[PDB]
Amino acid sequence: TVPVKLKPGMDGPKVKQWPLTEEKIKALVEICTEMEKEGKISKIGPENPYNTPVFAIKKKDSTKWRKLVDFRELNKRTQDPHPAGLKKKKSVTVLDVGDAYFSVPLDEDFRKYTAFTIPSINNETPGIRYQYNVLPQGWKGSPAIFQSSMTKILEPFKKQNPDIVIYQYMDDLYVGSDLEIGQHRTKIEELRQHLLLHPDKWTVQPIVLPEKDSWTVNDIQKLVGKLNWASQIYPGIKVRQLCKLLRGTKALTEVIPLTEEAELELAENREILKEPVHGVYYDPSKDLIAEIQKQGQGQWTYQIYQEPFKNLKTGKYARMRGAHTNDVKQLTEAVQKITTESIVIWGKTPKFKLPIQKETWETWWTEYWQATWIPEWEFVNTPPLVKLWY
Amino acid sequence: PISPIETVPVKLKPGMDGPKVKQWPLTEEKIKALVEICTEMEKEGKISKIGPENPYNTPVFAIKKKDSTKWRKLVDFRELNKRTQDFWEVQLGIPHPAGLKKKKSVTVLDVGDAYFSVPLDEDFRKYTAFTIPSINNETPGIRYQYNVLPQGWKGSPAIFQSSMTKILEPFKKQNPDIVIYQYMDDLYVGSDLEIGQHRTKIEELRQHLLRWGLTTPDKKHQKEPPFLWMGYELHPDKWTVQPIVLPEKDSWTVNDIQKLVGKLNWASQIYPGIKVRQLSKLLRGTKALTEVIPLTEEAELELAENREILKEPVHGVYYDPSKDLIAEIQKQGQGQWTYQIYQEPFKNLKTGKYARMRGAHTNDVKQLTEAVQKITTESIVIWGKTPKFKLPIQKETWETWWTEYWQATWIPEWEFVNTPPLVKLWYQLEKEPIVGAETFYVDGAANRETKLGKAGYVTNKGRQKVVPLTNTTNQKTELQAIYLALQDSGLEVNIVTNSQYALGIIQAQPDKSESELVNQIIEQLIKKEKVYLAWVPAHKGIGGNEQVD
DNA sequence: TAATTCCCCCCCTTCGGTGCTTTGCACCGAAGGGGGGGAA
Ligand SMILES: [Mg+2]
Ligand SMILES: [Mg+2]
Ligand SMILES: [Mg+2]
């Protein structure tokens, strides 16, 4: 039993509970009934003013429901290393060590904050409230306490295959060993009984300019705007010697320039564009912000950075064509992929700026979530800056 | 008497004490109603007598119950509520009759004196002290303290609701075929058993409740349809709202309009086509609460239509789990939508409306998507599943919008229904410049101090114009400059602007907006058969923007 | 002259946060005000 205290001057989470579907409610009732049966949780009354949302998810190839409690506000007020070369491997694997926390009891003074409410269909009954007695799932304090035995329970497998650099975050283990696909499954199968992705192909998307011969006035204007906007990200863009070419009240489709010094300036800008922006160091103290844009037919572009125009990472997520009319599903999958990449590389879950209305996301994101953790997100409204990040 | 149920531990906020508010004088009629009530509850141990050892006090008063012959005793616990610790409410919403399945037998029960039958924490009772103001010899007044849950306390509802669930749990754990709708102390018991067995097991429920100290008086025990439950009349195969009376006034104040609008939002849950936007438009302006507002002609027709709708009797129907929910949406106009959720045609599970205007600039598609979201959330609340929609928008229009829009939008499975008027987009922005049309470089700028600006345009064919704007803004100067180009050009225009704000406002294809300038811009865009909008940065000396600026 | 509490819905108004248009507009989301509905 480790005494856990909140952040000095902070209070407990008091978040409401969103409505749930019939199947989710039934699964939650069954799960909470059984965990109360072996004493993982306990019923409480209204004298506890704290509350966190809860729901249920179906994980990959499991067909069984799993309880997901939104310990996002509790984590921010709890107040308690990364693998240096986890991305150096090529076949990192995700394991779900989530039932091992149910064996370490939670301290009595902290249980009141871990309270949740199950609703009912058609409000036939006041919601049933429970609180946790053991270390919960989704709480950023459970790994901090289980680590003292987590190290002792992997020490054996740590001296068996010394090529295994591992990580424990939230409720999942990221195991990375630079070996062939045949060995890795045997290594993973050995690990699971011992207790009983692609981190080397992530490439950034460099900023590019259009390639053509007939540069119309509109095309020159778009290229000049793109270069001016990218000048903030990449120091060196001058665009002066091209802006001096577009002179007059010409129409919006005239191709005047063709061959001048503008071609040399375009080549010079192209050459400096293919650099991995010197600097942009990852400070392990600032919050990670990931911004996502929709680029049409099933394509999304994400940028992870700490401060603007200094992109720590850039990438594109396509998944599949527009056959999935479900934009919410694609956005959820992209968010999960970006979060997994961030935990693999930096070890910190970012703060997302989702390009979606609040009501749509809050209504539909539970139907497709399949991860044990939850990132913090806000909602943007940036009408097209006219491509630019494509 | 009182229940043997365990008491919920209640404490005050740290560094706080109980109330010491002196009782205010009461009219002669209400003292005799209080000494009787206090005498009755004092014999049963509900309230005890105290002496000088307890310094706290709290005012009391009485209202008339819904029976209109018995008095309800209340305590003004506002101060104690301020110093009382916080509670989490367990009541999450109102049950709806449309979510009820057809049952062979139904009984509605009400617990008599619900709060007074639940004990209160001992170490808190002293904070509940009060005095009865006998108006005979001014003093002495008799002092009591509550031993049970008092009415007027903020923690009483939450404590009672969680205590009545623990009392019904042993009954429900052994009768899974019985459906019990519990709201406060009101119980709706439904079963598929025959009438005899249903009544026999109801008597078992009333014995179980009595064993826990909660009596169920026979005057509030309903056995025959129609059942008056939660403001609805429940027949064996249908449900209605209890009769709604609308005021018939020749002069309407602010409060009367506010009352009328509230009574129409309630009537809109089962009556179809109820429109309230015109009536609510008279409430804009913070015109006190007694100021008389004459009825405008636009707000009179809506009232006449709403009165016509309520003349006919409208019934609901019950839920059938086997079948699927179909929600149909109609556009009334001026950003108003109506919807009907049903399972059979012309047999509505429930009707509703949506008239919210989110954002300064919006169009029909966004409002339809928001209405779909609201209906989906409400259906998840009531029936636990998402219905299937019959939208008046064509698949082509939605495909174009969601492919071209820059934000992630999605609606659940739906089909198109040919119900005029149809949702559509009235104009589109060309993806490439138009060849053969004049190219307009527009720009505007307003001074920050005196709020005077200039907005104008220059054309490639030798046609420029500037109009100085008084009492304006930097962005609105750009909007006016863009509007200027549309006014004096042909049916095909190429337009080059400089502000990101105008880009973001225009390229979302708005149809209605809160500002008249954007409305005129939208009208001119509608009458324009081809428009192109392109943005260039500022102060870069770009060709074309210098002449206008 | 009556005076209370707790939930759900609606409409309208103020005000603070945020971001770009940059120290001042534009916009949006919480909180409050009234009103209905349900209960003590
Ligand atoms: Mg009663
Ligand atoms: Mg009752
Ligand atoms: Mg009643």
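First the proteins, then the strands, lettered A, B, ... as listed; each starts at 1.
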Based on the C1'-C2'-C3'-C4' dihedral, does C:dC10 have a north or a south sugar? north

Within less than 4.0 Å of OP1 or OP2 of C:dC10, is there a side-chain N or O belonging to B:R356? no

So does B:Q500 get a side-chain nitrogen or oxygen closer than 4.0 Å to the phosphate oxygens (OP1/OP2) of C:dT21? yes

Please pick, from C:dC27, C:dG37, C:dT13, the nucleotide with the shortest atom-to-atom distance to any side-chain atom of B:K263. C:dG37

Look at B:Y232 and C:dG38 and indicate whether a side-chain polar atom (N or O) is within less than 4.0 Å of OP1 or OP2. no

The side chain of B:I94 is closest to which nucleotide in this list: C:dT4, C:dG37, C:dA26? C:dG37

Starting the side chain at C-beta, find the nucleotide from C:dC8, C:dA40, C:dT5 nearest to B:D185. C:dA40

Could you say whether B:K259 or B:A355 is positioned toward the 5' end of DNA chain C, judged by the nucleotide with the nearest heavy atom to each? B:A355

Counting side-chain heavy atoms from C-beta on, which of C:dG34, C:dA3, C:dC10 comes nearest to B:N255? C:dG34

If positive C1'-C2'-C3'-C4' means north (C3'-endo side) and negative means south (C2'-endo side), then C:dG36 is north

B:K73 to B:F130, cation-pi by 6.0 Å centre distance and 45° axis angle: yes

Please confirm whether the shortest side-chain N or O distance from B:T473 to OP1 or OP2 of C:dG24 is below 4.0 Å. no

Tell me which of B:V276 and B:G262 sits closer to the 5' end of DNA chain C, going by the nucleotide each one is nearest to. B:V276

Check whether any side-chain nitrogen or oxygen of B:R448 sits under 4.0 Å from OP1 or OP2 of C:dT23, and answer yes or no. yes

Kindly point out which of C:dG34, C:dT21, C:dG36 is positioned nearest to the side chain of B:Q475? C:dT21

Under 4.0 Å between a side-chain N or O of B:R284 and OP1 or OP2 of C:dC11? no

When the ring planes of B:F61 and B:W24 are compared, do they come out parallel, tilted or perpendicular, using 30° and 60° as the limits? tilted

Can a side chain N or O of A:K358 be found less than 4.0 Å away from OP1 or OP2 on C:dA30? yes

Counting only side-chain heavy atoms from C-beta out, which of C:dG34, C:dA40, C:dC27 sits nearest to B:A360? C:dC27

In whole Å, measure the gap between the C1' atoms of C:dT23 and C:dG17 for me. 15 Å

Looking only at the side chain of B:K220 (C-beta and beyond, no hydrogens), which of the listed nucleotides C:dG34, C:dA40, C:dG24 gets closest? C:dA40

For the pair B:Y181 and B:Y188, name the ring-plane relationship: parallel under 30°, tilted 30 to 60°, perpendicular over 60°. perpendicular

Measuring only the P atom in each nucleotide, how far is C:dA3 from C:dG36? A whole number of Å is fine. 15 Å

Distance check, P atoms only: C:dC25 and C:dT21, in whole angstrom units. 15 Å

Smallest separation among heavy atoms of B:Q407 and A:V380, with atom names: NE2-O, 3.4 Å

What contact category does A:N381 fall into here, base, sugar-phosphate, or nothing, at under 4.0 angstrom with non-hydrogen atoms? nothing

Is the B:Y115 ring parallel, tilted or perpendicular to the B:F160 ring (thresholds 30°, 60°)? tilted

For the pair B:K374 and B:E378, find out whether any cationic side-chain nitrogen is under 4.0 Å from an anionic carboxylate oxygen. no

Out of C:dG35, C:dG36, C:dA40, which has the shortest distance to the side chain of B:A114? C:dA40

Side-chain contact check for B:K451: nearest option of C:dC25, C:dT5, C:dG38 is C:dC25

Kindly confirm whether the side-chain ring of B:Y183 is stacked on the base of C:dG38, judged by centres under 5.5 Å and planes under 30°. no

Whether over 12 other heavy atoms sit under 6.0 Å from B:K166 NZ: no

Just compare C:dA40, C:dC6, C:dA3 and give me whichever is closest to any side-chain atom of B:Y115. C:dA40

Can you find a side chain N or O atom of B:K65 that sits less than 4.0 Å from OP1 or OP2 on C:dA39? no

Looking for any heavy atom pair under 4.0 Å, which part of the strands does B:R358 touch: base, sugar-phosphate only, or nothing? sugar-phosphate

